[PDB]
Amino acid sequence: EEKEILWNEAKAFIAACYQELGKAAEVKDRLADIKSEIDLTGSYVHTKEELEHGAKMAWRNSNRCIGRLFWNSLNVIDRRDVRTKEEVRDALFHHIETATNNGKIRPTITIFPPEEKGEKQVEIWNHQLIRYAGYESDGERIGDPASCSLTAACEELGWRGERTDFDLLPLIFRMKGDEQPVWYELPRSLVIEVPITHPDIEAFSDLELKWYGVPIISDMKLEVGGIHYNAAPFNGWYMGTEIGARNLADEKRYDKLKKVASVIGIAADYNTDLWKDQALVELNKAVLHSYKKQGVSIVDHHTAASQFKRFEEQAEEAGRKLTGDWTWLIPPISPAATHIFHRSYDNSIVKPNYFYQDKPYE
């Protein structure tokens, strides 16, 4: 069954990929090569062209992603050659540096060797390559609650956080053959962070808020033509609402709305004053202002939705079916102000794509 699944996925991907690349005449011979390769080895190896276009198609097929207009300019780094934990570490350091690009963020994916018999070659434990630690002990909450379990797992391995609200977690990953992951502290020179200030309200800096520049998801599986790249971290630039309406605002994250209300000079006592909504708007204005002022890439949700509208138009013009997940495409601030809110989307799963996988901690 395994090989049959692989071969069927392979035929569908190669046909589609080569058609898009204008190389349809080569499909037959390539498929023959593949079929024999599967027969002999139990798997097959993507050409660099297939891997690159496959990663791009996967992004294009990501139903929940509003940022898909730019799918074809994804920067794909082929690291299927890595064999050592130093090579992996250095490839991850390099991804951060090249994606960050001094603030002019480049959407990038680094692709490590794929699973073989479902056996992972490299297993990345981080949810994002750059993320803050979280702690909870004796009623005291410090840092990002979303990172509590990973933070505890790191501290089991000999790492120790300073217990600031913004401790950078180390990179942590496990190699095939090793029982325990290794961890490496992030060189701070690699990590751009942005202090949050407000364009009009000087007191906003009193909150001492900041966030990191580049979100780099490192725990999803890239699937291309039946091959499972469980380790393939990717990044874009932030949409401001992710920081201002979720990371800093959610009660189960940094939970800052009451403190925001206070610094902007409004009462936080009555639902009918809409103080939470007002605080959310000002926090989200501060986030965009701060990233722009520092020269770090960011997009606001209105511009992002406008770009997504163009992605819809491009899909129809290219004769491709559009798929989307309305519940994730609408922004968490003023969603009815975007065209997304007012239409529906087919939530069908198309491959290549990115998929969740089980955490090795928890």
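Residues carry their position along the shown sequence, with the first being 1.
J.: Of the two stretches 278-286 and 182-190, which shows the higher Cα B-factor on average in the entry?
T.: Result of the comparison: 182-190.
J.: Can you tell me whether 314-322 has a higher mean C-alpha B factor than 328-336 in this record, or the other way round?
T.: Looking at the record's C-alpha B-factors, the answer is 314-322.
J.: According to the Cα B-factor stored in this entry, which of the following is highest: 306, 61, 43, 297?
T.: Out of 306, 61, 43, 297, the record gives the largest C-alpha B-factor to 43.
J.: For the listed residues 170, 103, 158, 233, which one has the largest C-alpha B-factor as given in the deposited model?
T.: Of the options given, 158 has the highest CA B-factor in the PDB entry.
J.: Where does residue 253 sit by CA temperature factor within its chain: lowest, middle or highest third?
T.: Lowest third - that is where residue 253 ends up once the chain's C-alpha B-factors are sorted.
J.: Ranking every modelled residue in this chain by its Cα temperature factor as given in the entry, which third contains residue 89?
T.: According to the entry, residue 89 has a C-alpha B-factor in the chain's middle third.
J.: In terms of the CA temperature factor given in the entry, to which third of its chain does residue 72 belong: lowest, middle or highest?
T.: It falls in the bottom third of the chain.
J.: Taking the entry's C-alpha B-factors for this chain, is residue 354 in the lowest, middle or highest third?
T.: Its C-alpha B-factor belongs to the lowest third of this chain's values.
J.: Would the CA B-factor of residue 56 place it in the lowest, middle or highest third of its chain?
T.: Middle third of the chain for residue 56's C-alpha B-factor.
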